[PDB]
Amino acid sequence: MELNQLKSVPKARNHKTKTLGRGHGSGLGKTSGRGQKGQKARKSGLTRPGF
Amino acid sequence: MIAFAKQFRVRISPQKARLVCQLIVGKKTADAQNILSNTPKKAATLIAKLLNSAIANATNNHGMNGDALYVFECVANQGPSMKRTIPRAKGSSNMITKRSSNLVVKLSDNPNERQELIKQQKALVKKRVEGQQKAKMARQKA
Amino acid sequence: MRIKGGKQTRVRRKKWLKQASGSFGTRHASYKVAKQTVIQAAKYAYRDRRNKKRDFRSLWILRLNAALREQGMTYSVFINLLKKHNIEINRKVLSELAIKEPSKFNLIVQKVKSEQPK
Amino acid sequence: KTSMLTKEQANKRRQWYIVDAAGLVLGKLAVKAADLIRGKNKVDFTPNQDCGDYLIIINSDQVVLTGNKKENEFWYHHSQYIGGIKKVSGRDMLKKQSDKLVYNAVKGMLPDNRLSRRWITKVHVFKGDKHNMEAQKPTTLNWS
Amino acid sequence: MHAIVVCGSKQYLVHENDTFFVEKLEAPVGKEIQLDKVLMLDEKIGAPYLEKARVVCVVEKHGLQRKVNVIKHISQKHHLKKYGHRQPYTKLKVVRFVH
RNA sequence: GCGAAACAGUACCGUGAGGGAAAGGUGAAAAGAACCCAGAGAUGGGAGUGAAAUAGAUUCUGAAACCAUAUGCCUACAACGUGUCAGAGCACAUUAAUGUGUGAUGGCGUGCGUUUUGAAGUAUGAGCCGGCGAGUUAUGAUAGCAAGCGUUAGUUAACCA
RNA sequence: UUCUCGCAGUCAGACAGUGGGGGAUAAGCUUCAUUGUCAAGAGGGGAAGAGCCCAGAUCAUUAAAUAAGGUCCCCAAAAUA
RNA sequence: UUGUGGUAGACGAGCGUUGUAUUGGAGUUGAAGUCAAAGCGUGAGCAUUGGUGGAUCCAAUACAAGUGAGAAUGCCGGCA
Ligand SMILES: [Mg+2]
Ligand SMILES: [Mg+2]
Ligand SMILES: [Mg+2]
Ligand SMILES: [Mg+2]
Ligand SMILES: [Mg+2]
Ligand SMILES: [Mg+2]
Ligand SMILES: [Mg+2]
Ligand SMILES: [Mg+2]
Ligand SMILES: [Mg+2]
Ligand SMILES: [Mg+2]
Ligand SMILES: [Mg+2]
Ligand SMILES: [Mg+2]
Ligand SMILES: [Mg+2]
Ligand SMILES: [Mg+2]
Ligand SMILES: [Mg+2]
Ligand SMILES: [Mg+2]
Ligand SMILES: [Mg+2]
Ligand SMILES: [Mg+2]
Ligand SMILES: [Mg+2]
Ligand SMILES: [Mg+2]
Ligand SMILES: [Mg+2]
Ligand SMILES: [Mg+2]
Ligand SMILES: [Mg+2]
Ligand SMILES: [Mg+2]
Ligand SMILES: [Mg+2]
Ligand SMILES: [Mg+2]
Ligand SMILES: [Mg+2]
Ligand SMILES: [Mg+2]
Ligand SMILES: [Mg+2]
Ligand SMILES: [Mg+2]
Ligand SMILES: [Mg+2]
Ligand SMILES: [Mg+2]
Ligand SMILES: [Mg+2]
Ligand SMILES: [Mg+2]
Ligand SMILES: [Mg+2]
Ligand SMILES: [Mg+2]
Ligand SMILES: [Mg+2]
Ligand SMILES: [Mg+2]
Ligand SMILES: [Mg+2]
Ligand SMILES: [Mg+2]
Ligand SMILES: [Mg+2]
Ligand SMILES: [Mg+2]
Ligand SMILES: [Mg+2]
Ligand SMILES: [Mg+2]
């Protein structure tokens, strides 16, 4: 392979990155996958492990 | 053949100047001067000076007859404003906007002057379409 | 690497504005109102394609019904006679015949009237 | 794609007609009057070109209302004030103003529209045998 | 003089030297196609379809219709889908009516 | 980007500690418009310099909202989320395309986000336009996919060059 | 629709039929079991209606046959006895 | 052949912006920007011509992100 044409093995480098803020067309807009108005949808997070 | 005169940052507001400009559009030279010299408005002794200067540079600079001039278009475009703070009651404040107008008067000798402007617009459109056709011919040639 | 937005927002906004050309005042000037009107206009266009398919059928039925009542026959029996005689013609073309070709439309009604079914 | 149908381009084949409401029922006369005015019975019906013929009605006071409707059915008109609701019985309408009754009955059978105004205009209703409309040479047809 | 043909699913009344638009037929421009299904010809109308009655047509172009933008939108439901359609047609002109 | 590309911790606010802005680009060279006309003058219109003066000190490019002018079409018996599908007439001619601009008239038609069982909403948020504005980084764990090395395997951290 | 692993959202429901409890055989009431729809679903009927009836929208067609419902006019379509 | 309504949500495939690395190319005979037009796409989007503009920009394959604005009684500027 040259430096002007360099390629990875298929299904090794690029995978679908889940962008959480860019529009509803990606299915990950607005809410961004947290749900709706509850504790898990705030900036704090997912409480404590084992709770 | 349009002669014109301009005045930037005239203190009169465009709203109160358009009322006077609409009294002179389409009027003959002498009649426009006569109408504007006896109208009790502030924006009458400023449009008069602009009109007189426009007549002077039409019959001196551009070489026009002088007995065929009519006011083609007299308008008062919006000029730059000035912001001041008016002190209101109970500690509040508002913004006073001093308005200015850019006055421009234009007179012509030909009573068919609109046709030439439309003609120039048509010529520009035709040149665009002509460019497109020559480009299409070049694309097919290759 | 500070990517700065320019010519990206304006191009996609001017597309919506171009679509909403010919609207009343701000409905063609501002991008927001223009976008709403285009979406609403698309919904209207979608619904009226379906409604056009039904409304033009109704108009053909009305014209055909009228053309028959002048001769003493009704729409409800004309279609039945058409089916029994195996004749398969759109009400559109039949109405076009009754408006453009009175003699040939009258020929079709004469055959369906009395001739033996099949 | 397909071939478009023919639609009249503001073509006026309108003609004048005469009918005699000697003993015609109000509703039975009004339905056919509306059909004639709209031109729905015409072979070519373009529903934006008012392709319907004019009509003159004679002997309006001679129309009849079946049953006890001459004394039990009321016609109502309300002004924009309070209490301005005027009521007239079937008999009173048949005597005082019968032309208005037939006019209102025909108007009620028309679609809410901007062309229905012109359609109701083309109805000339008279209460007597005489009419100032003999200069139009209107053809005579019965029960329409 | 006139005929009722069935191209695709629509029925067209055609005269001599009449150009009408039908659905795509997969035929090159310039060929001579022979439409088969004919309902009415002159004065003899066949009940299902006339037999041996053929409509000879010449294909003029294979263009596409005007673009249609289908924008499906569910109000206040986070659903705005957009799609476009350019339906292909073919234009053909009647040359001769086979007896 | 430092609050500060300019004379910024300045102007300004507060008794004080303290708080704290905005603002860059003429032209290669000022050659920065002598002179004439109108005007009281600024200024404007010519002239002149310049490749360009619609580069003129208001000084690179100049978007939209906004305000005016005009060719063409429509509009003063008309119930309107302002559009859509049909549709005459009028006026033109194009990224040549069953063309474009307006739309007498007919059918249908209660916005966008938010949050709710349920919003045309007599619930809420936005006056309009433009810019900015919200899933990242460091260190670890698990899982999917892929590559290197392999059955006494695999792989280095700090550090040195 | 069973088993194993990765990532979730959901824990305010509503109405209609049917069997009941609380209420007074009142509630567009409240609490259950079950069949459906809406939520997250447009179209046609109901004049207008989230939940009732007929059904499930990939796009275009000015093609044809039908479901609930309907055929004097508005508004497509009927006649006999 | 069976299919293609859809919110929360799961999965897959792509567009666009800025820069870097390799290749090639355009540009004072006029690049970017910017306006207009009766073009091309299934969608993000992409061209052609003409006006203005006066010096950089484009195509392909990869890589890294301050990478996508209509709403936050959002901030700033302008204008109703
Ligand atoms: Mg989703
Ligand atoms: Mg999630
Ligand atoms: Mg909740
Ligand atoms: Mg929220
Ligand atoms: Mg939750
Ligand atoms: Mg004070
Ligand atoms: Mg103000
Ligand atoms: Mg932005
Ligand atoms: Mg001080
Ligand atoms: Mg100058
Ligand atoms: Mg300025
Ligand atoms: Mg400038
Ligand atoms: Mg009028
Ligand atoms: Mg009236
Ligand atoms: Mg009304
Ligand atoms: Mg209306
Ligand atoms: Mg309309
Ligand atoms: Mg409405
Ligand atoms: Mg949003
Ligand atoms: Mg609430
Ligand atoms: Mg509530
Ligand atoms: Mg309201
Ligand atoms: Mg409130
Ligand atoms: Mg609230
Ligand atoms: Mg508000
Ligand atoms: Mg904004
Ligand atoms: Mg791993
Ligand atoms: Mg429950
Ligand atoms: Mg409960
Ligand atoms: Mg119950
Ligand atoms: Mg009970
Ligand atoms: Mg109960
Ligand atoms: Mg309840
Ligand atoms: Mg919900
Ligand atoms: Mg429904
Ligand atoms: Mg309904
Ligand atoms: Mg389906
Ligand atoms: Mg049938
Ligand atoms: Mg039935
Ligand atoms: Mg009917
Ligand atoms: Mg789907
Ligand atoms: Mg790049
Ligand atoms: Mg350019
Ligand atoms: Mg950002």
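- Looking at the entry header, you'll see cryo-EM listed as the method and 2.9 Å as the resolution.

**Re the side chain of C:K92**
Then, in step 1: One can find C:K92 in helix α5 (residues 91-100).
Then, in step 2: Buried and unpaired, C:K92 has C:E96 as its nearest opposite-charge partner, separated by 4.9 Å.
Then, in step 3: Reaching out from C:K92, the side chain makes a polar contact with the backbone oxygen of D:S3 at a distance of 2.9 Å.
Then, in step 4: Setting aside residues up to four positions removed in sequence, C:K92 forms contacts with C:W60, D:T2 and D:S3.

**Digging into the packing of helix α2 (residues 29-37) of chain B against helix α3 (residues 47-59) of chain B**
Residue and element names in this part refer to chain B.
Then, in step 1: Where α2 contacts α3, the axes come no closer than 10 Å and their chain directions differ by 160°. Judged on the interaxial angle alone, α3 and α2 are roughly antiparallel. Both α2 and α3 take part in a crossing whose hand is left-handed. Contact with α2, carried on its side by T29, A32, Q33 and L36, involves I47, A48, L51, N52 and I55 of α3 and no other residues of that element.

**What about the protein's contact with RNA strand F?**
Then, in step 1: Around RNA strand F, a shell composed of 78 residues is seen, among which A:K11, A:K30, B:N61, C:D48 and D:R114 lie nearest.
Then, in step 2: Sugar and phosphate atoms form 80% of the subset of RNA strand F atoms that lie within 4 Å of the protein.
Then, in step 3: A:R34 is positioned such that a nitrogen or oxygen atom in its side chain is 2.8 Å from a base nitrogen of RNA strand F.
Then, in step 4: With respect to RNA strand F, the backbone of C:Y31 contributes an N or O atom lying 3.5 Å from a phosphate oxygen.
Then, in step 5: Mapped by element, the contributors of at least two residues to the surface near RNA strand F are β1 (2-10), α3, β2 (70-78) and α4 (113-141) of chain B, α1 (9-19) and α3 (31-69) of chain C together with α5 (116-121) of chain D.
Then, in step 6: Per-element accounting of the surface near RNA strand F gives the leading share, 13 residues, to α3(C).
Then, in step 7: Here the surface near RNA strand F is built from residues that sort into 21 nonpolar, 28 polar and 29 charged.

**Notes on the arrangement of the chains**
Then, in step 1: Interchain contacts are distributed over four pairs of chains, and the most extensive set of them lies between chains C and E.
Then, in step 2: At the C-alpha level, the nearest point of chain B lies 30 Å from chain D, with no contact between them.

**Considering the nonpolar core**
Then, in step 1: Grouped together as the largest cluster of nonpolar side chains are 26 residues, with contacts concentrated most on D:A21, D:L26, D:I37, D:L55, D:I57, D:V106 and D:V123.
Then, in step 2: When residues of this core are traced back to their parent elements, those giving at least two are α1 (26-38), β2 (55-58), α3 (90-95), α4 (98-108), α5 and β5 (123-125) of chain D.
Then, in step 3: Here the element with the most residues in this core is α1(D); it accounts for seven residues.
Then, in step 4: Excluding its chain neighbours within four sequence positions, the residues that come into contact with D:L55 are D:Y17, D:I18, D:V19, D:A33, D:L36, D:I37, D:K122, D:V123, D:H124 and D:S144.
Then, in step 5: Membership of the second largest hydrophobic core comes to 25 residues, among which are B:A32, B:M64, B:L69 and B:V71.

**Structural notes on the packing of aromatic side chains**
Then, in step 1: For the coordinates displayed, the defined rule picks out five aromatic pairs over all chains.
Then, in step 2: The interplanar angle of 75° and the centroid separation of 6.3 Å between the aromatic rings of B:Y70 and B:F72 together place this pair among those described as edge-to-face. Both residues of the pair, B:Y70 and B:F72, count as buried.
Then, in step 3: On the numbers, 4.5 Å between centres and 10° between planes, the contact of D:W16 with D:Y54 is stacked. Of this pair, D:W16 sits in the segment before β1 (17-20) while D:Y54 sits in the loop between α1 and β2; the two residues are 38 residues apart in sequence, bridging distant segments of the chain.

**A look at the interface of chain E and chain C**
Then, in step 1: With 21 residues of chain E at the contact, the number on the chain C side is 22 residues.
Then, in step 2: When chain E packs against chain C, the two sides together hide about 1,900 Å² of surface, and 66% of this comes from carbon and sulfur.
Then, in step 3: A per-residue breakdown of the area chain E buries against chain C is headed by E:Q11, E:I45 and E:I71, which together make up 30% of the total.
Then, in step 4: Scanning the region where chain E abuts chain C turns up zero salt bridges.
Then, in step 5: Those elements that provide at least two residues to the side of chain E that touches chain C are β1 (2-7), β2 (10-15), β5 (38-41), β8 (68-74) and β9 (79-85) of chain E.
Then, in step 6: Of the residues forming the side of chain E that touches chain C, the biggest block, five residues, is contributed by β8(E).
Then, in step 7: Looking at the side of chain E that touches chain C, its residues break down into 12 nonpolar, six polar and three charged.

**Observations concerning the sheet that holds strand β4 (residues 32-35) of chain E**
Residues and elements named next belong to chain E.
Then, in step 1: Spatially, the four strands line up as an open sheet ordered β3-β10-β7-β4, and their pairing is antiparallel. Across the chains shown, the open sheet's two edge strands, defined by having one partner strand only, are β3 (19-23) and β4. Here the average twist between neighbouring strands, direction ignored, is 45°.
Then, in step 2: Where strand β7 (residues 54-61) and strand β10 (residues 89-98) come together, seven bridges link them in antiparallel fashion. The residue bridging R54 from the neighbouring strand is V98, located in β10.

Each value, and the rule that gives it
- Residues numbered from 1 in each chain as written, not as in the entry; some residues may be left out.
- Chains lettered and ligands numbered in written order.
- Part of a larger assembly, values for the part shown.
- Heavy atoms only, no water.
- Helix = DSSP H or I, 4+ residues; strand = E, 2+ residues; numbered from the N terminus.
- Buried < 20%, exposed > 50% of the residue type's maximum accessible area, 1.4 Å probe, protein only.
- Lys, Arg positive; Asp, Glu negative; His and termini not counted.
- Salt bridge = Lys/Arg side-chain N within 4 Å of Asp/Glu carboxyl O.
- Polar contact = N/O pair within 3.5 Å; in protein donor to acceptor, adjacent residues only side chain to side chain.
- Contact = heavy atoms within 4.5 Å.
- Axes fitted to C-alpha atoms, helices over the stretch in contact; angles between N-to-C directions.
- Parallel < 35°, antiparallel > 145°, perpendicular 65-115°, else oblique.
- Left-handed = near helix turned anticlockwise from the far one by under 90°.
- Near = heavy atom within 4 Å.
- Nonpolar A, V, L, I, M, F, W, Y, C, P; charged D, E, K, R; others polar.
- Core = buried A, V, L, I, M, F, W, Y, C linked by side-chain atoms within 4.5 Å.
- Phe/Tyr/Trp six-rings, centres within 6.5 Å; stacked < 30°, edge-to-face > 60°.
- Buried area = accessible area lost by both parts, 1.4 Å probe.
- Pairing = 2+ DSSP bridges.

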